[PDB]
Every structure is written in C-alpha cells, then in structure tokens.
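Student: If you scroll down you'll find the structure; I have some questions about it.
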Amino acid sequence: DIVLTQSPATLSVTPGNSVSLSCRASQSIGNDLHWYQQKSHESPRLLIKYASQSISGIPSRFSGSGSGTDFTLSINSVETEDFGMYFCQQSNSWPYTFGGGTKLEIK
Amino acid sequence: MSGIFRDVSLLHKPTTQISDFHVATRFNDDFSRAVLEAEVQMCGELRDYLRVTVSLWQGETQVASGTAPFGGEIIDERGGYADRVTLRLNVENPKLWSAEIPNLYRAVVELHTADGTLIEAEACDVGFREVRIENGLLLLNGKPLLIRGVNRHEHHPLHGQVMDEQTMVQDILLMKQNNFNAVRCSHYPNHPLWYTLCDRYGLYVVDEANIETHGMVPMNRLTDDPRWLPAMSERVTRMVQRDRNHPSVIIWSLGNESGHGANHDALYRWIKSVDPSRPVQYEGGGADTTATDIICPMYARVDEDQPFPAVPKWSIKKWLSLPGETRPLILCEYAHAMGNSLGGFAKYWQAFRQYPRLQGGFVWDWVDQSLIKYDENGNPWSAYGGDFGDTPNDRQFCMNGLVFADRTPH
Amino acid sequence: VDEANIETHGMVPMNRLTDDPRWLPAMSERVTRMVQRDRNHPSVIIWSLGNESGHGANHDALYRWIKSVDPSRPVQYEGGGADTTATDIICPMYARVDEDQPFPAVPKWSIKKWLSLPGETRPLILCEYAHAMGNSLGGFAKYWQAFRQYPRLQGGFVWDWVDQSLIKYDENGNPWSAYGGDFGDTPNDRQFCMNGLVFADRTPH
C-alpha cells in the first residue's frame, strides 16, 4: 500500500513565524493528498484537499502545494490555535493511508 | 436538474493584460522537429515598452524561449493587429503526446515591460501532436488510431451533476485500466478540470457543444432556422475559445441529435476555419452529412442494415464502400450497455480489426444515471426514472453504464 | 468480356515477359487485332488484356492504347493483384467473401473489405469465383448475398462452364471420359481440367 512519510516529526515555532510541513508518498499519487489537523480529545479537521484546494471555513493562512510524491502544508504566520497534530492522507488508491503526523508546538 | 452546479470564482487581472492566447504545433515529415506557435492578445493600453515572452519548459529545464513586443504582420489593406503578437519556437526532437504516453511541456506566457518587470503571467500544458484525416484514415502523429472509447456523462448519484476531482480521477483510472483510449463528452462541454486530467493521464477527448434538440419535430426544426443560428453559434464558438489549447482534445463535435440544418453547416465551416488542427464531427441527419469529417453513426450494426427512411443505418462494413464515400468511420455510440448487455461486442471488435477505415467507436455509456434515495429507515437505494414522482419519464432508460453509479463495474 | 490471347502463367516471376519491352510488340498485336476485329459487336462490353501474366509495363501501355482507341468500353485485367493501374475494375479470382488471403505482394482481401481500402473507388466484379470442380459450389449463396447487399459488388464469373474432359475408347469401342495424363501426356494436371458446371456433353452437374 502507499506509505506516507511526514517530516519533521515535530516542529517548534513562535507565534507569528511561518512553517511548512512535508509529506512524501512511496509512489506517485497525483494530487490526491489531503491535510488534516487534529488536537487532543478531538476529531480530525480537513484543512486542504487535493494537494492545494482551499476549504470553506479554514483560515486563509493554510495553503497546500505539490503533486506526485512530494507535498507541503504551509502555515503563514502561525497562531496559537494552530498548535496540534497535522496528518496527510492519500486517496489515490485503496486502502487510503495516513502519514505518521507532524506535531506543531510553541517554541 | 438546475442550479449553480459548477464553481464560482473571482479573478483579479491587471488593467493591461493577456486577453487570450493560443497554441499550435507544426511538425516536419518525420516529427523530428516542431514549431510551437503562440498567438497572444492583450487588452489595455498599448505602450511600446510592452513585451511578451513565451517560454517552454520541460520539467525544470527550459527548452525554448521567445520575446517580442506587440504588433502582428500585415493582414489586409488596413494593416495588422497591434494588440497581438505571435511567437514561434523551434523544438528539436520533441517528445510527443499521445494517450499511450502523455508527454507534456509547460508553456509560460509572460506579459512584461522591457525593463524586465512582470505585469502578469499565464500558462498551459502543451502536448505535441498532430491530428489529421488523410486518405480516409484518421491519424495521430502519423499513425492511425483505433479508438477504444466510451461516452461519459457528468453524473454523481449523490451530487447529481456536480463534478469533483476525485470522481473524475476515479473514472479515468477505471477507464485506463479497462483498456479505453478515449472518451466523448456526451453531450456538452465538461468541467474544466476534465481536460486537464485527460491531458495528463492520457485519454483522447471528443469535445461536444452543448446543443441537443432531440425532442423537436422534425429534429431539424430549430437547427435549420436562421433565428437560432446565433444562439447555436455561441454554443460552438465559446467551447472552442475555451478548450482549444488542450492536447487531449482531438475532435470537435457540433452537438447531438438535432437533425441536420443549415446552421450546422455554417458552424462546421467556422470551426474548420478557426482551428484546422482538429476534425469536426456531427452525427445528426444521417451520420454522413456535409457537416462531419467522419462517418459517425450511433447503433449501426456490424453486418445488418437498418434502412430507415431518410436516415438509414447501413451495416458498418457496408457503409464505407457506398459510392463516393471515403471518410473513416468511427461510431459515436455503439453497444448499448443497458443492464444485462454487451452481447455481440466482439463482432464489432473484429470488424474494427479487419477494416482500416473502421477506427473504432464510443460505447454507450460509462455510468448508470441512477440516483440515491432513502427508505423508511434511512437506508439508501438506487432510484431511476419516475422515482421522484417525475413526469413524464423514461424509467430505466437512464441506466446504460458499464459501471454502476458508485463506480462498481457491471 | 472479350479477352486477348495472352497468358504467361508459367514464367517466374509471372511478369517476366510482360515487363519486357522486347515482348511489347508481340503482345501489342494480340490486343490490337482483337479490338479491330470485335469492336462493332454490341455484346462486347468489356475488354480484357489477357490472363495470369502478372503485371508489366507492357500492360499499362496496352491498356492506355485501348482507352484511346475505344473509349466505349472499360478495360479489365486481373494480373498482378487485381487492382493495378491497368484495370478499370477490381477483378480478382477466388477472393473470399468474408475472409482475407493475404499473400505477399498479391493478397486477396475479402471482397467486402477490398472496396473500402483507402483510396479505392472502383466497382468490383470477380473474373473467377466459385471453383466448380466436381462436387462443389458450397457457399455459392454467400457470394450472392454480398452481391445483393453491396452496390459496388456487381457480381462475377463462375469458373467454369464445361468440363474439359475428352472422349476415349475401350477394348470394345466403348467411350469414356478422359482427363489429364490419360493420353500418356506429360507432365500433367489430371482432373484439374474438370471444373465445369456441365459435363463435356452439356449435361449438368
């Protein structure tokens, strides 16, 4: 099955600064890569779909980029409400798979 | 159905901008060399410091670039277009696009000033391919195609006629997996992304105008009427202006089942004039009218004739050798896949394989146009014609796909 | 269909003489005299350059000659593939209805298919079809049906009318039908001379 590897595993940042999170697929998945945010005691929240498509109700500071095997989730000027876990998920082939996640923490 | 079923957007453009652009590729006898030709037009004030650069990339690698300022060649007694420019880039040993190998390039069109400042940029994917009918055969890059295709509607059991990337992609992959080369946009221009995916995954596309007047009597009634000429005209012209740069599109179609009227003849000529890179097809009025470059019937049998008055359907093998006939024949719809069907499919495949001028066809059709309904316990079930108290209706007639609405195969 | 007395079937390749300018004259006389002699008959509707002599430049010339001299009739010649530049009609021998026989150089496409080959527009009439040798004629109907469904398939010539058997006499002055090699003839093709629809006496098969 498709394996998604996320890096770094953890990223510390000070509110106001920007960050970019990486997700790489073991094989090409076109643009079928989505990004989720998950906080303790809460269900995942879809942030970006199909690599770079925006989602209504999500802060504009979130953007996605990439195609094939290398993808990135960027947060322009991190806010405290952004601290938590970020997971990428591919839907190009069944079974759908998730990356191991990147933890974003305050520095 | 009805509503705002495709996207809504906002686009912010500069005041002085790129208003349109087209791409074209010519080749030499053996395709070892090509010319990419880009015609650009702009809107706004024309200032001598304005320039255009068209660059061709292959990956990270720039392959060719050209720069120039506005102002075309003399066209007639009054001059040329001052707001247009055409560049021509030479490309040696271009990688060719085909459904077998979708070689693509990226073309960037920059509108800048001479001091290097960028006003704005546009782009598109480019595929080097030549489409021609020659000597009764339809050729792609010099060889003759054999279209393994299917007709596909924009249908989602849940979303009705709203399309999404996931669905498009699913469809594409199923098709490719199942030995399809091509798809027909039955029977209107599709959601934009579609072409792009085809361009990229590799499928030949027949782009079709949104014109079907099947229910008139006779069929011709509006299409033969000059008063509908304008309305029709816009359905064809805009399609072309919009999709003309996609490599996957290899044939233009005037619509569907609207008989054969003088309006078609005009529109067919229009296209030929505007974009001679592709052939035009239209089945209405007998499948072999003066408005089609290809004999493209629907449901013609292999060996048996169905000689309806006015618009018979000869056996395909026979149709080709009718006196004076020389065009290639590709079925716009054949092998009606409604329910427990597809008997005889092989007969077709065999003719296709034995007769050169029989270059395949489009099966009818891809997905079942069934919709989801819910029962007394929030249990879903597949609904069809008349199941929404809809009147009048055609019941199961909306289910002729090769795959179920959920994309599971029949 | 009036046909020139020219058949060089036994050469290798078939063309050998017909492509040779030195035979041009000889051939020429076989065509020209035929025309000068039979040209006024109404029954003659097509001229033929001969039979099974491959396809040579000599045919092309002779075909043009005729066209010039008597444009009232079409010319046909099957040699060299049945659809050469020396024939106004596609006129193969033994082409099947539905199956192709793609010999190198000179294939025999299925008749229905032959017509729609790219660029082709001539009518097709078989110079020989349905070899009537002995217990034969199976499938005859298939032909009739294509002929009837395809306009450009305007029929053909069955091969052939009478058995080329000869009369011999026995130990008691009793006659009997003889064939190839029965006259101590060498070399010979035996029964191959009997493909008629009627026996030599004109009694039907």
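Residues are referred to by chain and number: the chain letter is A, B, ... according to the order shown in the structure tokens, the number counts from 1 in that chain, and ligands are numbered separately from 1 in the order shown.
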Counting only C-alpha atoms, which residues from chain A have an atom at most 10 Å from any atom of chain B, and could you show them as JSON, numbers by chain?

Tutor: {"A": [30, 31, 32, 49, 50, 91, 92, 93]}

Student: If you take only C-alpha atoms and a cut-off of 12 Å, which residues of chain C touch chain B, and what are their nearest atom pairs and distances in Å to one decimal, in chain and number order, as CSV?

Tutor:
residue,atom,partner,partner_atom,distance
C:98,CA,B:354,CA,10.0
C:99,CA,B:354,CA,9.5
C:100,CA,B:354,CA,8.9
C:102,CA,B:354,CA,11.9
C:109,CA,B:354,CA,9.9
C:110,CA,B:354,CA,9.6
C:111,CA,B:321,CA,10.9
C:112,CA,B:317,CA,7.3
C:113,CA,B:355,CA,6.5
C:114,CA,B:355,CA,9.0
C:115,CA,B:321,CA,5.8
C:116,CA,B:321,CA,5.0
C:117,CA,B:356,CA,7.1
C:118,CA,B:136,CA,5.7
C:119,CA,B:135,CA,6.2
C:120,CA,B:326,CA,8.2
C:121,CA,B:324,CA,7.0
C:122,CA,B:323,CA,8.9
C:123,CA,B:323,CA,9.0
C:124,CA,B:321,CA,10.8
C:145,CA,B:303,CA,11.8
C:146,CA,B:318,CA,9.6
C:147,CA,B:318,CA,11.4
C:148,CA,B:318,CA,11.5
C:149,CA,B:318,CA,8.0
C:150,CA,B:318,CA,6.6
C:151,CA,B:322,CA,7.1
C:152,CA,B:323,CA,7.2
C:153,CA,B:321,CA,9.6

Student: Can you list, as an MDAnalysis selection string, every protein, DNA or RNA residue that comes within 9 Å of stretch 121-128 of chain B when you count only C-alpha atoms, leaving out same-chain residues fewer than 2 positions away?

Tutor: chainID B and resid 17:18 23:27 34 36 56 94:98 102:112 118:119 130 141 196 199:200 245:248

Student: Got a sec to tell me which of stretch 35-129 of chain C DSSP assigns to helix (DSSP H, G or I), as a ChimeraX atom specification?

Tutor: /C:35-38,57-69,111-114

Student: State, in Å with one decimal place, the distance from atom CA of residue A:40 to atom CA of residue A:80.

Tutor: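 These atoms are spaced 14.3 Å apart.
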
Student: So, counting only C-alpha atoms, which residue among B:258, B:65, B:377, B:273 is closest to residue B:213?

Tutor: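 When distances to residue B:213 are compared using only C-alpha atoms, the smallest one comes from B:258.
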
Student: Env of residue A:102: 12 Å cut, atoms = only C-alpha atoms, seq-sep filter 4 positions within chain, self excluded. Answer as a list in words.

Tutor: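 The residues satisfying every condition are residues 4, 5, 6, 7, 8, 9, 10, 11, 12, 19, 20, 21, 22, 23, 35, 36, 37, 38, 39, 72, 73, 83, 84, 85, 86, 87, 88 and 98 of chain A.
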
Student: Can you pull out every residue within 8 Å of residue A:51, counting only C-alpha atoms, but drop anything in the same chain fewer than 4 positions away, and send it as a VMD selection string?

Tutor: chain A and resid 31 to 35 64 to 67 71

Student: Could you take the residues named above and write them with C-alpha atoms, as a short mmCIF file (atom, residue, chain, number, x, y, z; two decimals), in the first residue's frame?

Tutor:
data_model
loop_
_atom_site.label_atom_id
_atom_site.label_comp_id
_atom_site.auth_asym_id
_atom_site.auth_seq_id
_atom_site.Cartn_x
_atom_site.Cartn_y
_atom_site.Cartn_z
CA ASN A 31 -2.87 15.32 -6.47
CA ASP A 32 -4.84 13.02 -4.15
CA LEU A 33 -3.21 14.24 -0.95
CA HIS A 34 -5.24 15.91 1.80
CA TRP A 35 -4.24 17.63 5.03
CA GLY A 64 -1.01 23.32 0.26
CA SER A 65 1.34 22.55 -2.61
CA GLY A 66 2.78 19.61 -4.51
CA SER A 67 1.98 16.74 -6.83
CA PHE A 71 3.72 17.63 -0.84
#

Student: Which of stretch 7-210 of chain B counts as strand (DSSP E) under DSSP, as a short mmCIF file (atom, residue, chain, number, x, y, z; two decimals) with C-alpha atoms, in the first residue's frame please?

Tutor:
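Result file follows (selection21.cif):
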data_model
loop_
_atom_site.label_atom_id
_atom_site.label_comp_id
_atom_site.auth_asym_id
_atom_site.auth_seq_id
_atom_site.Cartn_x
_atom_site.Cartn_y
_atom_site.Cartn_z
CA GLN B 17 -3.42 42.07 -19.50
CA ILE B 18 -3.42 38.98 -21.57
CA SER B 19 -6.90 38.63 -23.10
CA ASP B 20 -6.36 35.31 -24.93
CA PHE B 21 -3.72 33.06 -26.30
CA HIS B 22 -3.46 30.00 -28.44
CA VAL B 23 -1.00 27.42 -29.04
CA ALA B 24 -0.19 25.41 -32.12
CA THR B 25 2.38 22.91 -33.15
CA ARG B 26 3.64 22.14 -36.55
CA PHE B 27 5.88 19.21 -37.44
CA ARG B 33 11.22 18.87 -35.49
CA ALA B 34 8.39 21.05 -34.40
CA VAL B 35 7.40 24.61 -34.17
CA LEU B 36 5.46 25.90 -31.35
CA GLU B 37 3.46 28.88 -32.30
CA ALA B 38 1.79 31.14 -29.80
CA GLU B 39 -0.53 33.90 -30.51
CA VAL B 40 -1.14 36.35 -27.90
CA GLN B 41 -3.51 39.12 -27.49
CA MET B 42 -3.72 41.74 -24.92
CA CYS B 43 -6.14 44.33 -23.57
CA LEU B 50 5.42 46.17 -23.51
CA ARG B 51 6.79 42.77 -24.25
CA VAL B 52 5.82 39.17 -24.31
CA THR B 53 7.78 36.19 -23.51
CA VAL B 54 6.80 32.71 -24.21
CA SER B 55 8.93 30.01 -22.67
CA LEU B 56 8.71 26.31 -22.97
CA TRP B 57 9.71 24.09 -20.21
CA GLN B 58 10.16 20.56 -19.89
CA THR B 61 14.59 22.55 -17.99
CA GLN B 62 13.75 25.44 -20.23
CA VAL B 63 13.62 24.21 -23.76
CA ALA B 64 12.90 27.30 -25.65
CA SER B 65 12.04 30.94 -25.09
CA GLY B 66 10.94 33.84 -27.23
CA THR B 67 10.45 37.50 -26.65
CA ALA B 68 8.70 40.21 -28.56
CA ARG B 84 -1.32 40.81 -30.91
CA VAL B 85 1.92 39.06 -31.26
CA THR B 86 2.80 35.62 -32.40
CA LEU B 87 5.87 33.80 -31.41
CA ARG B 88 7.37 30.76 -32.91
CA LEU B 89 9.64 28.47 -31.04
CA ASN B 90 11.62 25.78 -32.57
CA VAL B 91 11.80 22.49 -30.83
CA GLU B 92 14.13 19.81 -31.91
CA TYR B 105 5.50 20.57 -21.73
CA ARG B 106 4.73 23.68 -19.87
CA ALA B 107 4.19 26.89 -21.60
CA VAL B 108 4.54 30.17 -19.84
CA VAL B 109 3.34 33.40 -21.23
CA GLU B 110 4.65 36.44 -19.61
CA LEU B 111 3.44 39.90 -20.17
CA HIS B 112 6.15 42.29 -19.05
CA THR B 113 7.73 45.59 -19.72
CA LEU B 118 6.31 41.41 -14.93
CA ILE B 119 2.83 42.65 -15.46
CA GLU B 120 1.33 39.15 -15.34
CA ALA B 121 1.65 35.58 -16.42
CA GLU B 122 -0.48 32.76 -17.85
CA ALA B 123 0.20 29.23 -18.67
CA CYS B 124 -0.91 25.96 -20.03
CA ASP B 125 0.30 22.40 -20.60
CA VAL B 126 1.38 21.64 -24.08
CA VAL B 131 -4.25 15.04 -35.85
CA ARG B 132 -5.21 14.51 -39.44
CA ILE B 133 -7.54 12.72 -41.70
CA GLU B 134 -5.61 11.56 -44.57
CA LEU B 137 -7.77 7.48 -42.28
CA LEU B 138 -7.67 9.36 -39.03
CA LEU B 139 -4.05 9.74 -37.91
CA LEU B 140 -2.42 10.69 -34.77
CA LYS B 143 -0.24 6.53 -37.35
CA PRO B 144 -3.83 5.52 -37.48
CA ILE B 147 -10.45 4.39 -30.78
CA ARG B 148 -11.33 2.28 -27.80
CA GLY B 149 -13.76 4.71 -26.34
CA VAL B 150 -16.79 5.40 -24.29
CA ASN B 151 -19.33 8.13 -23.85
CA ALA B 182 -10.79 7.85 -25.41
CA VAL B 183 -13.90 9.46 -24.16
CA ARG B 184 -16.73 11.54 -25.77
CA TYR B 204 -8.29 11.21 -26.36
CA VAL B 205 -11.23 13.53 -25.96
CA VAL B 206 -14.00 14.46 -28.36
CA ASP B 207 -15.29 17.91 -27.06
CA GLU B 208 -19.00 18.46 -27.84
#

Student: Name the closest residue to residue B:283 among the candidates B:316, B:333, B:215, B:263; distances are taken between atoms, counting only C-alpha atoms.

Tutor: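 Looking only at the distances to residue B:283, the closest residue turns out to be B:333.
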
Student: What lies within 6 Å of stretch 59-63 of chain A using only C-alpha atoms, ignoring chain neighbours under 3 positions off, as JSON, numbers by chain?

Tutor: {"A": [73, 74, 75, 76]}

Student: I want to know what sits within 12 Å of residue B:232, based on only C-alpha atoms, with residues of the same chain fewer than 4 positions away left out; could you give that as a tab-separated table (two decimals) with N, CA and C atoms, in the first residue's frame?

Tutor:
chain	number	residue	atom	x	y	z
B	209	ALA	N	-20.37	20.39	-28.28
B	209	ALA	CA	-21.17	21.56	-27.99
B	209	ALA	C	-22.41	21.19	-27.25
B	210	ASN	N	-22.82	22.10	-26.43
B	210	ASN	CA	-23.98	21.86	-25.66
B	210	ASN	C	-25.19	22.13	-26.51
B	211	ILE	N	-25.48	21.28	-27.50
B	211	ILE	CA	-26.67	21.52	-28.32
B	211	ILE	C	-27.43	20.24	-28.65
B	212	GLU	N	-28.61	20.06	-28.07
B	212	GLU	CA	-29.40	18.89	-28.39
B	212	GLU	C	-30.85	19.23	-28.42
B	213	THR	N	-31.43	19.11	-29.59
B	213	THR	CA	-32.83	19.40	-29.74
B	213	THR	C	-33.61	18.17	-30.16
B	222	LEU	N	-35.24	23.59	-35.27
B	222	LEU	CA	-34.56	24.78	-34.86
B	222	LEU	C	-33.21	25.02	-35.58
B	223	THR	N	-32.48	23.94	-35.80
B	223	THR	CA	-31.15	23.94	-36.41
B	223	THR	C	-31.14	24.32	-37.85
B	224	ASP	N	-32.34	24.29	-38.40
B	224	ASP	CA	-32.45	24.72	-39.77
B	224	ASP	C	-32.96	26.16	-39.80
B	225	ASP	N	-33.22	26.72	-38.62
B	225	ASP	CA	-33.75	28.04	-38.54
B	225	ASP	C	-32.72	29.08	-38.18
B	226	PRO	N	-32.58	29.99	-39.16
B	226	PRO	CA	-31.68	31.11	-39.08
B	226	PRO	C	-31.87	31.84	-37.76
B	227	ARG	N	-33.08	31.91	-37.27
B	227	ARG	CA	-33.23	32.59	-35.99
B	227	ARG	C	-32.51	31.94	-34.80
B	228	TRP	N	-32.12	30.68	-34.93
B	228	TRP	CA	-31.41	30.02	-33.86
B	228	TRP	C	-29.95	29.98	-34.09
B	236	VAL	N	-21.00	26.88	-29.83
B	236	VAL	CA	-19.86	26.29	-30.50
B	236	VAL	C	-18.61	27.13	-30.34
B	237	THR	N	-18.76	28.38	-30.70
B	237	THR	CA	-17.63	29.26	-30.57
B	237	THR	C	-17.03	29.32	-29.19
B	238	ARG	N	-17.85	29.46	-28.16
B	238	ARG	CA	-17.23	29.58	-26.85
B	238	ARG	C	-16.52	28.34	-26.38
B	239	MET	N	-17.05	27.22	-26.80
B	239	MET	CA	-16.40	25.97	-26.46
B	239	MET	C	-14.98	25.96	-27.00
B	254	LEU	N	-20.33	19.04	-33.07
B	254	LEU	CA	-21.34	20.11	-33.13
B	254	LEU	C	-22.53	19.94	-32.20
B	255	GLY	N	-22.60	18.86	-31.46
B	255	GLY	CA	-23.76	18.61	-30.62
B	255	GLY	C	-24.22	17.19	-30.87
B	258	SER	N	-29.82	16.57	-33.22
B	258	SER	CA	-30.52	17.80	-33.54
B	258	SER	C	-30.75	17.87	-35.02
B	261	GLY	N	-29.18	20.78	-39.96
B	261	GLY	CA	-29.68	22.05	-40.51
B	261	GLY	C	-28.58	22.92	-41.07
B	262	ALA	N	-28.98	23.94	-41.81
B	262	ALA	CA	-28.01	24.87	-42.38
B	262	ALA	C	-27.20	25.49	-41.28
B	263	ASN	N	-27.78	25.65	-40.09
B	263	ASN	CA	-26.94	26.12	-39.01
B	263	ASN	C	-25.72	25.21	-38.74
B	264	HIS	N	-25.83	23.92	-39.02
B	264	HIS	CA	-24.67	23.08	-38.72
B	264	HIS	C	-23.56	23.28	-39.70
B	265	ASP	N	-24.01	23.38	-40.93
B	265	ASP	CA	-23.05	23.61	-41.98
B	265	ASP	C	-22.23	24.86	-41.78
B	266	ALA	N	-22.88	25.90	-41.30
B	266	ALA	CA	-22.15	27.10	-41.09
B	266	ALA	C	-21.18	26.94	-39.98
B	267	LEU	N	-21.66	26.32	-38.91
B	267	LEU	CA	-20.80	26.17	-37.74
B	267	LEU	C	-19.66	25.23	-37.96
B	268	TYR	N	-19.89	24.27	-38.77
B	268	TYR	CA	-18.82	23.38	-39.07
B	268	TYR	C	-17.76	24.12	-39.86
